[PDB]
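I have placed the structure first, in the form of structure tokens, so that the comments after it can refer back to it.
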Amino acid sequence: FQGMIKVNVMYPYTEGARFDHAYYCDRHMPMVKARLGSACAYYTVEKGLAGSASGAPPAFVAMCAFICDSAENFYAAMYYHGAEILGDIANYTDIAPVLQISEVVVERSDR
Amino acid sequence: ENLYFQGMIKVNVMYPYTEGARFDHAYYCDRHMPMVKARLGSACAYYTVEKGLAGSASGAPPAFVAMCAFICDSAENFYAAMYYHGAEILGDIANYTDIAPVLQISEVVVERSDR
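The listed protein sequences derive, respectively, from chains B and A.
Note that the first sequence covers residues -2 to 108 in PDB author numbering.
Note that the second sequence covers residues -6 to 108 in PDB author numbering.
Here it is, written out as structure tokens:
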């Protein structure tokens, strides 16, 4: 695909499953972005709070997104730096994430 | 700093991909989303929209056919808008899809890493 893409990493919520949010934001993500370099314009991070119903847990305990100009350049970066990136995951979680690549339709409505 | 969480939130609406199911991406983007934003008013700073292309596996479909996010300064303001306008918002979903979305509220930890 040619155009702006959004690579989503979405960790499903499970009661009692470990997800070290501080490590994820403070250590892991900055390292991942440093290795990705120009292959990612910016990243986003979020912490799940709730689902739709009152007291419903969120579907995902945590999520991130990598906003990139080229899907090809993103995958090439993930291939080359995969040992190091994948090797750091166990330091914050054992959850296997849902992985998706999407076309950015509206990056942000106000711009 | 604060006694309870009252920071920036991200409201995620995520439509699971279902083989052959209907999803009018044009209506969703140019009719539905601008209407939802109009009803949220100042409760939402901005919204985002995306179309699923693929999953991790080669030729694998995406988990979600379409996703959006409403970035809001207050959860309480978002919910107030949903009490006043949620009936209308939900009533419009049938005009572009029969897929029941998954809704999630998250704390924005990093809004964008380059800012």
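Yeah, the Cβ is synthetic: ideal placement off N, Cα and C, and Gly gets one too.
Between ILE98 (chain A) and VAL4 (chain A), the C-beta gap is smaller than 9 Å, which places the two residues in contact. For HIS25 (chain A), no Cβ of chain B is located within less than 9 Å of the residue's own Cβ. Within the region 35 to 60 of chain A, the complete beta strand (DSSP E) segments at least 3 residues long are 39 to 47, listed from N- to C-terminus. Here the alpha carbon of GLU100 (chain B) sits roughly 5 Å from the alpha carbon of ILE2 (chain B). Cβ contact annotation for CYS22 (chain A) (same chain, cutoff 7 Å, sequence separation greater than five): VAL42, in chain order. Spanning the alpha carbons of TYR72 (chain A) and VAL6 (chain B) requires a straight line of approximately 27 Å. By the Cβ neighbour-count rule, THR11 (chain B) is exposed, with fewer than 16 other Cβ atoms within 10 Å of its own. For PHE57 (chain B), the number of other beta carbons within 10 angstroms of its own is at least 16, and it is reported as buried. No Cβ-Cβ contact shorter than 9 Å links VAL102 (chain A) with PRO9 (chain A). Annotation for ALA47 (chain A): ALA53, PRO54, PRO55 place their beta carbon closer than 8 Å to its own, counting only its chain and skipping 5 residues before and after. Here the C-alpha atom of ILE92 (chain A) lies approximately 17 Å from the C-alpha atom of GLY79 (chain A). Secondary structure at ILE92 (chain B): coil, using DSSP grouped into helix, strand and coil. Contact annotation for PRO55 (chain A) against chain B: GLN97, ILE98, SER99 [CB-CB distance below 8 Å, chain order].
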